[PDB]
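Just so we're on the same page: letters track the sequence lines, and every chain starts at 1. We count ligands from 1, going down the list as the structure has it; atoms in each ligand are counted the same way. Note that these values count all heavy atoms, side chains included, but never hydrogens, waters or copies made by symmetry.
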Amino acid sequence: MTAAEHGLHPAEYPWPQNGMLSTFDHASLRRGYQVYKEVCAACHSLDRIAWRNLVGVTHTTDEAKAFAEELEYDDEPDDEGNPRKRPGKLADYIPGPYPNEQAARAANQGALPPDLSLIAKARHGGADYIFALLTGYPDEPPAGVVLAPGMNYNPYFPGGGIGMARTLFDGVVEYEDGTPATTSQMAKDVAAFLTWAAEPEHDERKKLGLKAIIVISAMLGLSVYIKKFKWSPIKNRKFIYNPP
Amino acid sequence: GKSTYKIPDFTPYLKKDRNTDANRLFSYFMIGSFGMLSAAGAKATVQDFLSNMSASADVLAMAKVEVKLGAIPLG
Amino acid sequence: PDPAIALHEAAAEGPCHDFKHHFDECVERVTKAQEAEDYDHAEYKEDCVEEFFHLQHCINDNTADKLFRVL
Amino acid sequence: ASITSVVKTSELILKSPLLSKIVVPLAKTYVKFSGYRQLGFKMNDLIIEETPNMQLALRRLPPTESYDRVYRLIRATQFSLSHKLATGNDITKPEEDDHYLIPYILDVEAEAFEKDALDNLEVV
Amino acid sequence: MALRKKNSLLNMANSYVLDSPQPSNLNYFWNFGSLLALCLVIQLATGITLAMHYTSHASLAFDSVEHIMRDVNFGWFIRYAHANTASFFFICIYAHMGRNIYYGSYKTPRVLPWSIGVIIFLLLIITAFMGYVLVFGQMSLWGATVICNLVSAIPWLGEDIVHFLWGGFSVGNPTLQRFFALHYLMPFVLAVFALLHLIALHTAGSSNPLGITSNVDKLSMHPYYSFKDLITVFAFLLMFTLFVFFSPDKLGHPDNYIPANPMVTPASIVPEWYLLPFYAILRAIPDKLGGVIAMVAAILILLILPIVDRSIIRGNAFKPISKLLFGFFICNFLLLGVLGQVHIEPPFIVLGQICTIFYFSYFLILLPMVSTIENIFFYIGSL
Amino acid sequence: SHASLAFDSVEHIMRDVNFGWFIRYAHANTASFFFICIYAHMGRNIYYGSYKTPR
Amino acid sequence: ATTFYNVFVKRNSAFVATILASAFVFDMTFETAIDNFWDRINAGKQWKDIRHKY
Amino acid sequence: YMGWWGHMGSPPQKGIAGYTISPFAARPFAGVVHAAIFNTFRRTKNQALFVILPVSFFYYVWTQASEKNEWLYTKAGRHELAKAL
Ligand code: HEC
Ligand code: HEM
Ligand code: HEM
Ligand SMILES: CCCCCCCCCCCCO[C@@H]1O[C@H](CO)[C@@H](O[C@H]2O[C@H](CO)[C@@H](O)[C@H](O)[C@H]2O)[C@H](O)[C@H]1O
Ligand SMILES: CCCCCCCCCCCCO[C@@H]1O[C@H](CO)[C@@H](O[C@H]2O[C@H](CO)[C@@H](O)[C@H](O)[C@H]2O)[C@H](O)[C@H]1O
């Protein structure tokens, strides 16, 4: 296939979480949540994440309950069997912008914005792809590219024409921690956040792996000593042959 | 090459202190360390693996309903 | 201002200058070809995507580490 | 394949002057690269023995030859497990690589093959 | 008499794992058998655990796998362990088969363990293929669609058989529920055949790297091979740890994290890496039925090695030409694997055809020729 | 196996699957026959002393 | 050395008891040691490091 | 073809004396450094060709094929690709 049909492959950026011993930067995760909430959540859902998932990762229990309680969710029917709403609880999932696919596509010139809960695992490239894509809309499409109507040129997207327009511009978000909200900063933060959303066990997994590496390495070293020890009578055996 | 009472040369491999308690103790320290890490590893493996059977996070999120009492009037 | 803007410009003028020139030459040719009549009724319409990819791939290799260092 | 087959075909090659001129030097090199002599084996020690015919041929070896074969197998197995090669007198010299077993297996197989032929005889 | 020998039940364990007489010179490639036993145990443990959390309904399957990853305590570990061990199972099985071909383990008197082994290998492929479908992501669906439409090539009844296996007119809920039941069951069948090939082997015992009898010099299976098996177990668990904890998705395909969508077709339907050589063989034949037959024949042709190997000597340790030919065979099998995942484009189309011819010609031409000639060289060369 | 769908899946077996009724009733009734046979087999063993040495 | 052997090693009941008690201690201390190390190499990154702002 | 301890199916053995020493009397890692260096070198040198030849050949094949494929799907390779299809 042509390189165009594949998409440009994203650079390997040095993420904080790259590295056998490295966790996510949780301050970046928090900033990334704020970008999601203020920019992406207009079109994209995050259906696999519940409010409780933010607690002790990006937010305290109080902050997350505050976010949940601002929303209305469907309750069980009342005693006359009429429908009812309730305020959100920590167990609730973060609600999406659209009721169904049809409504989503109608709002996006036919294109369906995917759910972002697994997108970092569901694309080759992961965080690097998300970062490259959001930051990689050229001012002008390369001369000779014919974009279909409602498409935007982005070389990282396979085929080149993506239904999502450039959305991150300097200062679309005002970070609560005073970090300058440049396009690159926001893309880095949101890409970190989405990577966390796809793999929230990441930090724990790598710490348990460190313990496992150490124990299993020691057991490997000892197993070799014990093998050599038990085998030495066989390896050291000598013969004297006197033909009968 | 002929006499079977002339034991072949094992001097490259023989330990001088082979009959001492120190000597046996060392090898049992290796065996025991290996048994120790295997025991610690098996405990960790079992405990982590079986914890999958304990209430999952979504279940634990549904118990423990908290209710205010300030809203509720007398009677 | 976005740190990437300056780093990309620097990498285009510097280590990726040969690729910058290729892309530029390509765009000149394609624009000129589109300017000429009966371009719409041609068999093969040239783009500059290949050259663009070569340039971007180069810029990214020279910038990735530097950019993440200033965020 | 049968030892009989191998022996007959080899004899056809050794007869033809042209063929022997080109094959015998190759076969000598092959054997050198094979490296079974570096474990102190004779070629015949490598023949597959878990066959009724071969079991019978081994039972017909003279006791001395049989005892020596058992020692060569045990010695080679010990070099194998130690990842050492034979040195000195343990290396099989080309003159020591005698076909001690070939005559026995050729007799066993001669009878076995005659038996198969004669089981299919048709009185005329 | 010692209890381990007196008591019938204990005696069976004893005969297989303790007093079993082994050659004293088995090398590290004899350790894949026990690794395969370990993989089989890990897959049973993780598998049964996932089954306690998985829901086989197509409306809920993908989400149940997300629930495992997100909500179940250590669910991530159990899921990644199960998925990665399936890859390790095939690394060990290819190694174990490679060992058997190189050292002539398929020759008399071990034709029966070998032939049962070929069936174990088929069951493993089916098992792993069904398990892949259970996620019900895009690769799950598109895998089941394409692979079950190969059955359509069976003449006359093929279409009927496909609809019968799917339980409908497309891959959907009925397909998923029946693959779940069968995926649970197949590993138990596989374990029984694994046990049969060992019982068959017990009559001859293990071959050894020299290819000579070991009746002259045996060692008890325990403690010598017990302790030697521990080294490779810990080496395996180190590799397992690096994938499961540090790179759990390295061996897989991102498309399976997108829920199955019958409308949208993924960019590229490629099977899991371990199936890739057979997929390349199938692509090589232009005919649909031809391709399916070739792909099955690529596995069943292993059953004829006992016939086509005409050597008077067991295994390749002492056969320089056979060793070279085996090297080329193995590398070609890897190249087939790589061609299984390239696009159907020049020049890989013709290359795949050449590699397919080479694959078959090893069994049908080269191995019979080379083994015949080496027989003559050993005889003439040692005169 | 999901609790929201289990009971209904058993009704689907009874109502929609070809011979599903048979497979379901065979499975449920054979469980009773399994226990009739097992009690009989145990009864046989106790009456005839099958539990004595060497068994 | 003889003393150590006689007490902890000679009887397998004692040896197994010593191994298990050692496993218990190792398990507890190794947990604590890894925890602290992990916190130092990932300093300022974890929630525990930023929690104080909230 | 295999028996059991006591009747394994060996031809009669006579005349071989075997000797060995206890695991506790031996140094298990005696001469390990010599083996790790010199023995591994010998064993690897002797097997090197059987790995190098097939690997180098199939790598060359792949390299040529992948480079051609890449070139056919460039602008420069348009014509050659048209013929190849
Ligand atoms: C107002 C619309 C809109 C906003 C704002 C938006 N997106 Fe999208 N996005 C889309 C649409 C529509 C698609 C699907 C495009 C297509 O498939 O052609 C999409 C696709 C994506 C994809 C997948 C591309 C692929 O490979 O399929 C990712 C990742 C993504 N968006 C992330 C984000 C992030 C991160 C933000 C903001 C921080 C964001 N989006 C903001 C509409 C939006
Ligand atoms: C040889 C044994 C086995 C092999 C090779 C095997 C292989 C696989 C594979 C490849 C998958 C797809 C993994 C993924 O990408 O998520 C899978 C999934 C699954 N397997 Fe197995 N499996 C085995 C045994 C078992 C057994 C015994 C069970 C018992 C039920 C089981 C239950 C499951 C379940 C529930 C899933 C779906 C959940 C998931 O994808 O993780 N497996 N298996
Ligand atoms: C679940 C899969 C399998 C398991 C658990 C398994 C296990 C074993 C074990 C434990 C042995 C004895 C030890 C050894 O030599 O490594 C062995 C030997 C053997 N296996 Fe397998 N095996 C499996 C699959 C296969 C397959 C797929 C084949 C063949 C295609 C096969 C053919 C053989 C043969 C021929 C032997 C005898 C080899 C010899 O000792 O010379 N096995 N297997
Ligand atoms: C055949 C065996 C029969 C009997 C064995 C019974 C064992 C079953 C016990 C399940 C016990 C789990 O108990 C719980 O374990 C988890 C790890 O799993 C521990 O959890 C701790 O380490 C894990 C990682 O290992 C972290 O994710 C967690 O943040 C931390 O608190 C808890 O501190 C403990 O409360
Ligand atoms: C590897 C998994 C571990 C479980 C073991 C496998 C379970 C099924 C094995 C039983 C199948 C029958 O296995 C058969 O049993 C008997 C006794 O046990 C063995 O008999 C062997 O050992 C006994 C004493 O140890 C001798 O009397 C006999 O001369 C010898 O051949 C056979 O060699 C074996 O083929």
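The residue from A:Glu38, A:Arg105, A:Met164 that puts a heavy atom closest to atom 42 (C) of ligand 1 is A:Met164. Taking only non-hydrogen atoms, the option from A:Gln109, A:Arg123, A:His124 nearest to atom 25 (C) of ligand 1 is A:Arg123. Considering each of A:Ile130, A:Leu168, A:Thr167, A:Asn152, the one bringing a non-hydrogen atom nearest atom 5 (C) of ligand 1 is A:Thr167. Of the candidates B:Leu50, B:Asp48, E:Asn73, it is B:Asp48 that places a heavy atom closest to atom 25 (O) of ligand 4. Of all the listed residues (E:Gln43, E:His53, E:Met186), E:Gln43 holds the heavy atom that lies closest to atom 3 (C) of ligand 2. Between the choices A:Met151, A:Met186, A:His44, the shortest heavy-atom distance to atom 33 (C) of ligand 1 belongs to A:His44. Scanning E:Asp249, E:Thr49, E:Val41, E:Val135 for the heavy atom closest to atom 40 (O) of ligand 2 points to E:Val135.
The atom of E:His183 that is an N, O or S and sits closest to atom 21 (Fe) of ligand 2 is NE2.
In A:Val39, the parts holding a heavy atom less than 4.0 Å from any atom of ligand 1 are both the side chain and the backbone. Neither the backbone nor the side chain of A:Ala42 has any atom closer than 4.0 Å to an atom of ligand 1 (non-hydrogen atoms only). The part of E:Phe89 lying near ligand 2 is the side chain, judged by heavy-atom distances below 4.0 Å. Contacts between A:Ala191 and ligand 1, counted as non-hydrogen atom pairs separated by less than 4.0 Å, are absent for every part of the residue.
Listed by number with element, the atoms of ligand 4 under 4.0 Å from a non-hydrogen atom of E:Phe74 are 18 (O), 24 (C), 25 (O). Short contacts between ligand 2 and E:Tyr132, defined as distances under 4.0 Å to a heavy atom of the residue, involve ligand atoms 11 (C), 12 (C). Remark: ligand 4 atoms within the under-4.0 Å shell around heavy atoms of A:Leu208 are 24 (C), 25 (O). Interface atoms of ligand 2 facing E:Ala51, defined by a heavy-atom separation under 4.0 Å, are 30 (C), 35 (C). Close approach to A:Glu204 involves these atoms of ligand 4, each under 4.0 Å from a residue heavy atom: 27 (O).
Closest to atom 16 (C) of ligand 1 among all protein heavy atoms lies A:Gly163 N, 3.7 Å. The protein atom (non-hydrogen) at minimum distance from atom 14 (C) of ligand 4 is B:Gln47 NE2, 4.5 Å. Atom 24 (C) of ligand 1 has A:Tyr129 OH, 3.7 Å as its closest protein atom, hydrogens excluded (heavy atom only).
Aromatic ring centroids of A:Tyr13 and A:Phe131 lie under 6.0 Å apart. Taking the six-membered ring for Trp, B:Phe49 and E:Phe74 have ring centres at least 6.0 Å apart. The six-membered or imidazole ring of A:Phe24 lies near that of A:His202, with a centre-to-centre distance under 6.0 Å. In this structure, the ring of E:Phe62 has its center no less than 6.0 angstrom from the ring center of E:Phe136.
Ligand 2 has an N or O atom lying under 3.5 Å from an N or O atom of E:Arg79, backbone or side chain.
Applying ring-ring contact (aromatic ring centres under 6.0 Å, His included) to E:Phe243 and the options E:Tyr80, E:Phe88, E:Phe77 leaves one that passes, E:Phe88.
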